[PDB]
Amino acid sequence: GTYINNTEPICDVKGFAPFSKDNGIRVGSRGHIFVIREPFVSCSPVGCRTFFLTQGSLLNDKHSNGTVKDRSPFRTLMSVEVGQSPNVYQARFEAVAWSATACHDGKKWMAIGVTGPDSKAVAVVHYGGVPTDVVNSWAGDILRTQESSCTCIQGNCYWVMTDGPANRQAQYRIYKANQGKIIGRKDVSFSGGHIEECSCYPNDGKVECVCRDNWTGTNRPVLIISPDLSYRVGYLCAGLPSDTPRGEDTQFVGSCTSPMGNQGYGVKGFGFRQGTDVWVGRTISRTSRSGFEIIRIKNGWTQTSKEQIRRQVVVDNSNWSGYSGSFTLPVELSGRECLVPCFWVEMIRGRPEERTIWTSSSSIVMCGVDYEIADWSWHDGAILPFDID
């Protein structure tokens, strides 16, 4: 007995409890902490890990100068245990990557890193610490993936990739792998729809993803993947937009099928089905990546509901946030009969918003519980500028 089932329903939860906080930038003032982005969480049967992209550079060093390309040859995926800062001396090497996803099937870690050139990039699949397969760019335009946990059901692991334009129609694929080896792929037909940077989780033996529309939608697309790779694709039905930037709530009319709101740009974000309701994350500000709030919509997975019945602030609107993503706790760690829904929020510090040569981020992680949880702000807390500035 070794593979995780993950065929159970997602736990229905009234609130989200603080899991961990790494304080990485604050520690980085003096300690040896990588400059990072996308601090995503994923879990095995023994514990949860925080994954992150590095530039081979440390905070308070000249190499942190953020003029370096995002898609550089120095870009690597590394990991630490959840709540550990992304420090050099505890870190584990996962992949060469400027885009990533990772997940644990119950026996080993699977990690996928995209590197190489824009026009012909390479996704290298790792399983158990070594390359086992690859996917080459199929559309020759920045092959890329979730930047969050992929999802593993019964020994088969699932993720979503995109190749094509960052601001108009692109192409989308879902992938399936067992023990490091790709055993199926499907092209997701979604004309007029855009998909990036999906936040996925298991629920009831399917994969559900809530992704980012970077073309015209201030709502988030939703992708529901069956193990045979038939999928359903559309938009989160709810009548509140959860992308950033977005328009006022009052203005918004939702749509189960179309992007709405007619604005470009975006941020990675997430949501969890709760029967027919939905929990949705978003920044507080509609115009910038500041603040973090999670909102439950009555019937918001099946209807263009604006029925808000819960709201918990996790980062206040005076503080910088960023990407967020989803994962779940396995049953063997949680001890429950359902899959506990959890999320992470990245808190971006430095350039552009602040006068620094560098940019990094830290995180606050939260897990669904059966109780209301009070509002508070678990913000980054670093004091900028730093010495190297």
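In this text, residue numbers run from 1 along the sequence as written.
Undergrad: 85-93 versus 207-215: which one carries the higher mean Cα B factor per the record?
TA: Averaging CA B-factors over each stretch, the winner is 207-215.
Undergrad: Which is higher on mean Cα B factor in this entry, 116-124 or 246-254?
TA: Per the deposited B-factors, the answer is 246-254.
Undergrad: In this PDB entry, which of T76, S148, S79, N317 has the top CA B-factor?
TA: Checking the PDB record, the top C-alpha B-factor among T76, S148, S79, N317 is at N317.
Undergrad: Which one of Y231, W159, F270, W98 shows the biggest C-alpha B-factor in the PDB entry?
TA: The listed residue with the largest C-alpha B-factor is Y231.
Undergrad: By its CA B factor, does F292 count among the lowest, middle or highest third of the modelled residues in the chain?
TA: For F292, whose C-alpha B-factor we compare with every modelled residue in the chain, the answer is the middle third.
Undergrad: So where's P330 on the chain's Cα temperature factor ranking, which third?
TA: Answer is middle: the recorded C-alpha B-factor places it there.
Undergrad: Please say which third, lowest, middle or highest, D22 falls into when its CA temperature factor is compared across its chain.
TA: Answer is lowest: the recorded C-alpha B-factor places it there.
Undergrad: If you rank every modelled residue in this chain by C-alpha B factor, which third holds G192: lowest, middle or highest?
TA: Its C-alpha B-factor, which the entry lists for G192, ranks in the highest third among residues of this chain.
Undergrad: Can you tell me which third, lowest, middle or highest, the CA B-factor of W301 falls into for its chain?
TA: Within its chain, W301 is a highest-third residue by C-alpha B-factor, going by the deposited values.
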